[PDB]
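Structure file data-v3.cif (mmCIF, N, CA, C and O atoms) follows.
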```cif
data_entry
#
loop_
_atom_site.label_atom_id
_atom_site.label_comp_id
_atom_site.auth_asym_id
_atom_site.auth_seq_id
_atom_site.Cartn_x
_atom_site.Cartn_y
_atom_site.Cartn_z
N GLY A 44 0.83 -1.22 0.00
CA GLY A 44 0.00 0.00 0.00
C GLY A 44 0.86 1.25 0.00
O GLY A 44 1.96 1.23 -0.53
N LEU A 45 0.37 2.36 0.57
CA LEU A 45 1.14 3.60 0.73
C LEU A 45 1.56 3.92 2.17
O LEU A 45 2.46 4.71 2.34
N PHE A 46 1.02 3.27 3.19
CA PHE A 46 1.75 3.05 4.45
C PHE A 46 1.61 1.61 4.92
O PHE A 46 0.51 1.11 5.11
N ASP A 47 2.74 0.92 5.03
CA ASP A 47 2.83 -0.53 5.19
C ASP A 47 3.54 -0.88 6.49
O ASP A 47 4.67 -0.45 6.72
N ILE A 48 2.90 -1.66 7.36
CA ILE A 48 3.43 -2.02 8.67
C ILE A 48 3.61 -3.53 8.73
O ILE A 48 2.65 -4.27 8.57
N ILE A 49 4.83 -3.99 8.98
CA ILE A 49 5.16 -5.42 9.01
C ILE A 49 5.83 -5.76 10.33
O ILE A 49 6.80 -5.11 10.73
N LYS A 50 5.38 -6.83 10.98
CA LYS A 50 6.02 -7.38 12.17
C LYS A 50 6.27 -8.87 12.02
O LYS A 50 5.38 -9.61 11.61
N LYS A 51 7.46 -9.34 12.38
CA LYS A 51 7.83 -10.76 12.42
C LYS A 51 8.36 -11.10 13.80
O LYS A 51 9.16 -10.34 14.34
N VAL A 52 7.99 -12.24 14.36
CA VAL A 52 8.44 -12.66 15.70
C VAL A 52 8.84 -14.12 15.71
O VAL A 52 8.13 -14.96 15.17
N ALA A 53 9.91 -14.45 16.42
CA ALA A 53 10.30 -15.81 16.75
C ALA A 53 10.46 -15.98 18.27
O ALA A 53 10.97 -15.10 18.96
N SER A 54 10.02 -17.12 18.80
CA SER A 54 10.04 -17.42 20.24
C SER A 54 10.17 -18.93 20.48
O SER A 54 9.73 -19.73 19.66
N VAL A 55 10.72 -19.37 21.61
CA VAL A 55 10.54 -20.75 22.08
C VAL A 55 9.17 -20.84 22.76
O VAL A 55 8.37 -21.70 22.43
N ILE A 56 8.86 -19.89 23.64
CA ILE A 56 7.57 -19.77 24.34
C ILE A 56 6.98 -18.38 24.14
O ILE A 56 7.65 -17.38 24.38
N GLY A 57 5.69 -18.31 23.82
CA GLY A 57 4.89 -17.09 23.93
C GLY A 57 5.18 -16.06 22.84
O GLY A 57 5.92 -15.11 23.06
N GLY A 58 4.56 -16.23 21.67
CA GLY A 58 4.52 -15.20 20.64
C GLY A 58 3.12 -14.63 20.55
O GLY A 58 2.26 -15.23 19.91
N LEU A 59 2.83 -13.53 21.26
CA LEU A 59 1.47 -12.99 21.40
C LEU A 59 1.15 -11.85 20.42
O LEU A 59 1.94 -11.57 19.50
N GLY B 44 -4.25 -2.87 0.11
CA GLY B 44 -5.04 -1.63 0.17
C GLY B 44 -4.13 -0.42 0.23
O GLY B 44 -3.04 -0.46 -0.33
N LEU B 45 -4.56 0.66 0.89
CA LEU B 45 -3.74 1.88 1.07
C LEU B 45 -3.27 2.13 2.51
O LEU B 45 -2.49 3.05 2.72
N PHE B 46 -3.61 1.26 3.46
CA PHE B 46 -2.79 1.03 4.64
C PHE B 46 -2.85 -0.44 5.02
O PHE B 46 -3.93 -0.97 5.28
N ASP B 47 -1.71 -1.12 5.01
CA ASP B 47 -1.61 -2.58 5.11
C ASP B 47 -0.87 -3.00 6.37
O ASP B 47 0.25 -2.55 6.61
N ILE B 48 -1.48 -3.87 7.17
CA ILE B 48 -0.93 -4.37 8.42
C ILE B 48 -0.69 -5.87 8.32
O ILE B 48 -1.60 -6.62 8.00
N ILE B 49 0.53 -6.31 8.59
CA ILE B 49 0.94 -7.71 8.51
C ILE B 49 1.68 -8.10 9.78
O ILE B 49 2.61 -7.42 10.20
N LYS B 50 1.31 -9.24 10.36
CA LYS B 50 2.01 -9.85 11.49
C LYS B 50 2.23 -11.34 11.22
O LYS B 50 1.31 -12.04 10.81
N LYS B 51 3.45 -11.82 11.45
CA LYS B 51 3.83 -13.23 11.34
C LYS B 51 4.52 -13.66 12.62
O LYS B 51 5.33 -12.91 13.16
N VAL B 52 4.22 -14.86 13.10
CA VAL B 52 4.75 -15.35 14.38
C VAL B 52 5.16 -16.81 14.27
O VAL B 52 4.47 -17.60 13.62
N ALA B 53 6.24 -17.20 14.92
CA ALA B 53 6.66 -18.58 15.11
C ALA B 53 6.90 -18.86 16.60
O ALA B 53 7.47 -18.03 17.32
N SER B 54 6.47 -20.03 17.08
CA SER B 54 6.66 -20.44 18.47
C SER B 54 6.73 -21.96 18.62
O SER B 54 6.08 -22.69 17.88
N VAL B 55 7.48 -22.46 19.59
CA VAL B 55 7.37 -23.87 19.99
C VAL B 55 6.08 -24.06 20.78
O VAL B 55 5.34 -25.00 20.53
N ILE B 56 5.76 -23.10 21.65
CA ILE B 56 4.54 -23.06 22.47
C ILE B 56 3.89 -21.68 22.39
O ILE B 56 4.56 -20.67 22.59
N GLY B 57 2.57 -21.64 22.23
CA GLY B 57 1.78 -20.44 22.54
C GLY B 57 1.92 -19.32 21.52
O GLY B 57 2.45 -18.26 21.84
N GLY B 58 1.39 -19.51 20.32
CA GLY B 58 1.20 -18.44 19.34
C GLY B 58 -0.25 -17.97 19.36
O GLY B 58 -1.11 -18.67 18.81
N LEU B 59 -0.55 -16.86 20.02
CA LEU B 59 -1.92 -16.36 20.23
C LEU B 59 -2.32 -15.22 19.28
O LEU B 59 -1.61 -14.97 18.29
N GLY C 44 5.80 0.55 0.26
CA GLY C 44 4.96 1.76 0.15
C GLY C 44 5.80 3.01 0.06
O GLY C 44 6.86 2.98 -0.55
N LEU C 45 5.35 4.13 0.63
CA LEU C 45 6.12 5.38 0.72
C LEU C 45 6.39 5.87 2.15
O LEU C 45 7.14 6.82 2.34
N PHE C 46 5.87 5.18 3.17
CA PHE C 46 6.51 5.14 4.49
C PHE C 46 6.26 3.77 5.11
O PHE C 46 5.14 3.42 5.46
N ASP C 47 7.33 2.97 5.17
CA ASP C 47 7.30 1.55 5.50
C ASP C 47 7.92 1.32 6.87
O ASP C 47 9.02 1.79 7.14
N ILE C 48 7.24 0.58 7.73
CA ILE C 48 7.73 0.25 9.07
C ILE C 48 7.90 -1.25 9.16
O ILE C 48 6.96 -1.99 8.89
N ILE C 49 9.07 -1.72 9.55
CA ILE C 49 9.36 -3.15 9.69
C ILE C 49 9.93 -3.39 11.08
O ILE C 49 10.83 -2.68 11.52
N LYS C 50 9.47 -4.44 11.75
CA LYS C 50 10.02 -4.91 13.02
C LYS C 50 10.27 -6.41 12.98
O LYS C 50 9.42 -7.17 12.55
N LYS C 51 11.43 -6.83 13.48
CA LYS C 51 11.79 -8.24 13.67
C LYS C 51 12.18 -8.46 15.12
O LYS C 51 12.92 -7.64 15.67
N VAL C 52 11.73 -9.55 15.72
CA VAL C 52 12.03 -9.89 17.12
C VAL C 52 12.41 -11.35 17.24
O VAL C 52 11.78 -12.21 16.63
N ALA C 53 13.39 -11.64 18.08
CA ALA C 53 13.79 -13.00 18.43
C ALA C 53 13.95 -13.12 19.95
O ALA C 53 14.44 -12.19 20.60
N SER C 54 13.54 -14.24 20.53
CA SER C 54 13.53 -14.45 21.98
C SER C 54 13.56 -15.93 22.36
O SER C 54 13.10 -16.78 21.60
N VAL C 55 14.04 -16.27 23.56
CA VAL C 55 13.79 -17.59 24.16
C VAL C 55 12.36 -17.61 24.68
O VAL C 55 11.59 -18.50 24.34
N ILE C 56 11.97 -16.59 25.43
CA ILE C 56 10.64 -16.42 26.02
C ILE C 56 10.10 -15.02 25.72
O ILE C 56 10.82 -14.04 25.89
N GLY C 57 8.82 -14.92 25.38
CA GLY C 57 8.09 -13.66 25.38
C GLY C 57 8.43 -12.73 24.23
O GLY C 57 9.17 -11.77 24.39
N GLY C 58 7.84 -12.98 23.06
CA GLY C 58 7.89 -12.09 21.90
C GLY C 58 6.54 -11.41 21.69
O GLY C 58 5.72 -11.92 20.95
N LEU C 59 6.28 -10.31 22.40
CA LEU C 59 4.97 -9.65 22.41
C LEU C 59 4.78 -8.62 21.30
O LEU C 59 5.71 -8.33 20.52
N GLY D 44 4.59 -13.93 39.34
CA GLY D 44 5.72 -14.86 39.50
C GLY D 44 6.98 -14.11 39.83
O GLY D 44 6.92 -13.03 40.40
N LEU D 45 8.15 -14.68 39.51
CA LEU D 45 9.46 -14.05 39.72
C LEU D 45 10.10 -13.50 38.43
O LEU D 45 11.16 -12.90 38.51
N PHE D 46 9.43 -13.58 37.29
CA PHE D 46 9.65 -12.68 36.15
C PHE D 46 8.34 -12.44 35.41
O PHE D 46 7.76 -13.37 34.87
N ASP D 47 7.84 -11.20 35.42
CA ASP D 47 6.49 -10.84 34.96
C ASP D 47 6.55 -9.85 33.80
O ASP D 47 7.11 -8.77 33.93
N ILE D 48 5.93 -10.20 32.67
CA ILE D 48 5.89 -9.35 31.47
C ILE D 48 4.45 -8.93 31.21
O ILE D 48 3.57 -9.78 31.06
N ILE D 49 4.18 -7.64 31.13
CA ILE D 49 2.84 -7.08 30.96
C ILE D 49 2.83 -6.11 29.79
O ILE D 49 3.66 -5.21 29.70
N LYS D 50 1.83 -6.25 28.93
CA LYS D 50 1.58 -5.34 27.81
C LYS D 50 0.12 -4.95 27.74
O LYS D 50 -0.76 -5.80 27.82
N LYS D 51 -0.13 -3.66 27.54
CA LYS D 51 -1.45 -3.08 27.27
C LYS D 51 -1.37 -2.27 25.99
O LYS D 51 -0.35 -1.62 25.76
N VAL D 52 -2.43 -2.26 25.20
CA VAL D 52 -2.47 -1.52 23.94
C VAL D 52 -3.84 -0.88 23.73
O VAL D 52 -4.85 -1.50 24.05
N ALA D 53 -3.88 0.30 23.16
CA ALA D 53 -5.09 0.97 22.71
C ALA D 53 -4.91 1.45 21.26
O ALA D 53 -3.84 1.91 20.86
N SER D 54 -5.97 1.33 20.47
CA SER D 54 -5.99 1.72 19.06
C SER D 54 -7.41 2.02 18.59
O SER D 54 -8.37 1.52 19.16
N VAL D 55 -7.58 2.81 17.52
CA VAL D 55 -8.85 2.89 16.80
C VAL D 55 -8.96 1.75 15.80
O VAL D 55 -10.03 1.19 15.62
N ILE D 56 -7.84 1.36 15.17
CA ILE D 56 -7.73 0.23 14.24
C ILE D 56 -6.50 -0.62 14.56
O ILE D 56 -5.40 -0.08 14.69
N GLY D 57 -6.66 -1.94 14.57
CA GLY D 57 -5.56 -2.90 14.52
C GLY D 57 -4.75 -3.00 15.81
O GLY D 57 -3.63 -2.51 15.88
N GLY D 58 -5.27 -3.70 16.80
CA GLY D 58 -4.54 -4.11 18.00
C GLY D 58 -4.14 -5.58 17.92
O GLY D 58 -4.80 -6.41 18.55
N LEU D 59 -3.16 -5.92 17.07
CA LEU D 59 -2.80 -7.31 16.77
C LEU D 59 -1.87 -7.95 17.80
O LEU D 59 -1.63 -7.36 18.87
N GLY E 44 6.77 -9.09 40.53
CA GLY E 44 7.81 -10.11 40.75
C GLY E 44 9.13 -9.49 41.15
O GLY E 44 9.13 -8.43 41.78
N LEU E 45 10.25 -10.14 40.83
CA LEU E 45 11.60 -9.60 41.06
C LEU E 45 12.35 -9.17 39.79
O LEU E 45 13.38 -8.54 39.91
N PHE E 46 11.82 -9.39 38.59
CA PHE E 46 12.11 -8.55 37.43
C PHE E 46 10.85 -8.39 36.59
O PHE E 46 10.28 -9.36 36.10
N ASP E 47 10.38 -7.15 36.49
CA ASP E 47 9.04 -6.80 36.02
C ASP E 47 9.13 -5.87 34.81
O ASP E 47 9.70 -4.78 34.91
N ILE E 48 8.59 -6.27 33.67
CA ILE E 48 8.66 -5.53 32.41
C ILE E 48 7.26 -5.09 32.02
O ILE E 48 6.41 -5.94 31.80
N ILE E 49 7.01 -3.79 31.90
CA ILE E 49 5.68 -3.25 31.59
C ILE E 49 5.75 -2.38 30.35
O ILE E 49 6.60 -1.50 30.25
N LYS E 50 4.81 -2.56 29.43
CA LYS E 50 4.65 -1.70 28.25
C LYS E 50 3.21 -1.26 28.06
O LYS E 50 2.29 -2.07 28.12
N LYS E 51 3.01 0.02 27.78
CA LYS E 51 1.73 0.61 27.37
C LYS E 51 1.89 1.28 26.03
O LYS E 51 2.91 1.93 25.79
N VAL E 52 0.90 1.18 25.16
CA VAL E 52 0.94 1.82 23.84
C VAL E 52 -0.41 2.44 23.50
O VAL E 52 -1.45 1.82 23.71
N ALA E 53 -0.39 3.62 22.90
CA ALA E 53 -1.55 4.25 22.27
C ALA E 53 -1.24 4.61 20.81
O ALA E 53 -0.11 4.95 20.46
N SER E 54 -2.26 4.52 19.97
CA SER E 54 -2.16 4.75 18.53
C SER E 54 -3.54 5.12 17.96
O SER E 54 -4.55 4.76 18.56
N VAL E 55 -3.60 5.78 16.81
CA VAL E 55 -4.85 5.84 16.01
C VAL E 55 -4.94 4.57 15.17
O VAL E 55 -5.95 3.90 15.20
N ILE E 56 -3.85 4.19 14.50
CA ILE E 56 -3.72 2.96 13.72
C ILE E 56 -2.50 2.14 14.16
O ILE E 56 -1.39 2.66 14.24
N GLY E 57 -2.69 0.83 14.34
CA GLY E 57 -1.61 -0.15 14.39
C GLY E 57 -0.85 -0.17 15.71
O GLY E 57 0.24 0.39 15.81
N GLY E 58 -1.38 -0.87 16.71
CA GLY E 58 -0.66 -1.23 17.92
C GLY E 58 -0.35 -2.72 17.95
O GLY E 58 -1.17 -3.50 18.42
N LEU E 59 0.77 -3.14 17.36
CA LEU E 59 1.10 -4.55 17.11
C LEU E 59 1.87 -5.24 18.24
O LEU E 59 2.18 -4.58 19.25
N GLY F 44 9.10 -4.49 41.53
CA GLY F 44 10.16 -5.49 41.72
C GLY F 44 11.44 -4.86 42.20
O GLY F 44 11.41 -3.80 42.81
N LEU F 45 12.59 -5.50 41.94
CA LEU F 45 13.92 -4.98 42.28
C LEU F 45 14.82 -4.69 41.06
O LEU F 45 15.92 -4.19 41.22
N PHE F 46 14.34 -4.92 39.84
CA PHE F 46 14.77 -4.19 38.65
C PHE F 46 13.58 -4.12 37.69
O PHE F 46 13.17 -5.12 37.10
N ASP F 47 13.00 -2.92 37.58
CA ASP F 47 11.72 -2.67 36.91
C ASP F 47 11.92 -1.85 35.64
O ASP F 47 12.56 -0.80 35.66
N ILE F 48 11.35 -2.31 34.54
CA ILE F 48 11.45 -1.67 33.23
C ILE F 48 10.05 -1.24 32.81
O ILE F 48 9.13 -2.06 32.81
N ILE F 49 9.86 0.03 32.46
CA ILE F 49 8.57 0.56 32.03
C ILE F 49 8.74 1.34 30.74
O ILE F 49 9.63 2.19 30.63
N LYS F 50 7.85 1.12 29.77
CA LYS F 50 7.78 1.88 28.52
C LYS F 50 6.36 2.36 28.26
O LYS F 50 5.41 1.61 28.39
N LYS F 51 6.23 3.61 27.81
CA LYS F 51 4.99 4.19 27.31
C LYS F 51 5.24 4.75 25.92
O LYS F 51 6.28 5.36 25.69
N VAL F 52 4.30 4.58 25.00
CA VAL F 52 4.39 5.11 23.63
C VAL F 52 3.06 5.72 23.22
O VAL F 52 2.01 5.16 23.51
N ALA F 53 3.10 6.83 22.50
CA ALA F 53 1.95 7.43 21.83
C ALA F 53 2.32 7.75 20.38
O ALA F 53 3.46 8.10 20.08
N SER F 54 1.37 7.61 19.46
CA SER F 54 1.59 7.78 18.02
C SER F 54 0.28 8.08 17.30
O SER F 54 -0.80 7.76 17.80
N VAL F 55 0.33 8.64 16.09
CA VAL F 55 -0.84 8.65 15.19
C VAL F 55 -0.90 7.32 14.45
O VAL F 55 -1.95 6.70 14.38
N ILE F 56 0.24 6.84 13.95
CA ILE F 56 0.38 5.57 13.23
C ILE F 56 1.57 4.77 13.78
O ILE F 56 2.67 5.30 13.90
N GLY F 57 1.37 3.47 14.02
CA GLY F 57 2.43 2.50 14.27
C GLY F 57 3.09 2.61 15.65
O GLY F 57 4.15 3.21 15.80
N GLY F 58 2.50 1.96 16.65
CA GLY F 58 3.12 1.72 17.95
C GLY F 58 3.49 0.24 18.09
O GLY F 58 2.68 -0.54 18.57
N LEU F 59 4.67 -0.16 17.62
CA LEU F 59 5.06 -1.58 17.53
C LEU F 59 5.78 -2.11 18.79
O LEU F 59 6.06 -1.32 19.72
#
```

Show this structure as structure tokens.
Amino acid sequence: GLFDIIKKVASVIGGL
Amino acid sequence: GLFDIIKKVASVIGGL
Amino acid sequence: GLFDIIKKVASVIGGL
Amino acid sequence: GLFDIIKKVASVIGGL
Amino acid sequence: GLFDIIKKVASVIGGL
Amino acid sequence: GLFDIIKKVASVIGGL
């Protein structure tokens, strides 16, 4: 789009 | 679209 | 886009 | 417990 | 607890 | 606790 928000997460426990 | 929100998660336990 | 926000997180516990 | 992680969020759109 | 991590966030769009 | 971390954020767009 024209404002783009991306988040990526890695965890052993608890990716909320 | 024209504002785009993306979230990706990896976990051994508890991806909520 | 034309203002792009990216976040990456890595953890043993608790990637909120 | 003996390690406590707390998060609160407010938004009009997209509280992921 | 004995190590305590607190986060609060406000936004119009996108509190991830 | 006995080592306490606190964060507050305000934004129009993107509080990650």

Item to complete: List every protein, DNA or RNA residue with an atom no more than 6 Å from (-3.5, -1.4, 14.0) in the file's coordinates, counting only N, CA, C and O atoms, and format the result as a VMD selection string.
Response: (chain D and resid 56 to 59) or (chain E and resid 55 to 59)

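As for atom N of residue 50 of chain D and atom N of residue 48 of chain A, they are spaced 22.1 Å apart.
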
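Of note, atom CA of residue 54 of chain F and atom CA of residue 44 of chain A are spaced 19.7 Å apart.
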
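If you look at atom C of residue 47 of chain B and atom N of residue 53 of chain D, they are 17.4 Å away from each other.
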